[PDB]
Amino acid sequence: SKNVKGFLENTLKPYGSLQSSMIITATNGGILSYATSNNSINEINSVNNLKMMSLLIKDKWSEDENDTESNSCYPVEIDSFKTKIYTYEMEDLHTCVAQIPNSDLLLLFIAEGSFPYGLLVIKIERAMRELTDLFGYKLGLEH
């Protein structure tokens, strides 16, 4: 902004979109469903790159879960269901991931480096409350 009015007008404006949003498997990081806010071979590359991010974040999630002794970790409760929200730097992108409570599924948000980690934590907690149908969801055999 170039002046006070303009500064304030800018403070009114919403923060931008997430880059992508996913439900992925907690077991192998496979994508079950996804949305992006975004020619043919570009689309494929694009899905492959999503598959790679989901895998890496699941791997970091998994490491932190089993590490007895991570950008940050926030325990949350939803109707006496517990889960943990994690944030991760991913090559200049900001990511946020949480296990859907008692389930084999993770919810994953990916955003630009300017999107504040704190807002990801808030959004993912609010979103997780909409996914009660998926609480307890169990995958069976995958191969």
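Each residue number is its position in the shown sequence, starting from 1.
Where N49 is followed by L50 in the displayed chain, the model omits none of the deposited residues that would sit between the two. Per the record, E69 and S70 are separated by 1 to 3 deposited residues that are missing from the model. Between 78-86 and 101-109, it is 78-86 that carries the larger average Cα temperature factor according to the deposited entry. Of the two segments, 21-29 and 126-134, the one listed with the higher mean B-factor is 126-134 (C-alpha atoms only).
Listed residues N45, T95, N38, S54 were ranked by CA B-factor as deposited; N38 comes out on top.
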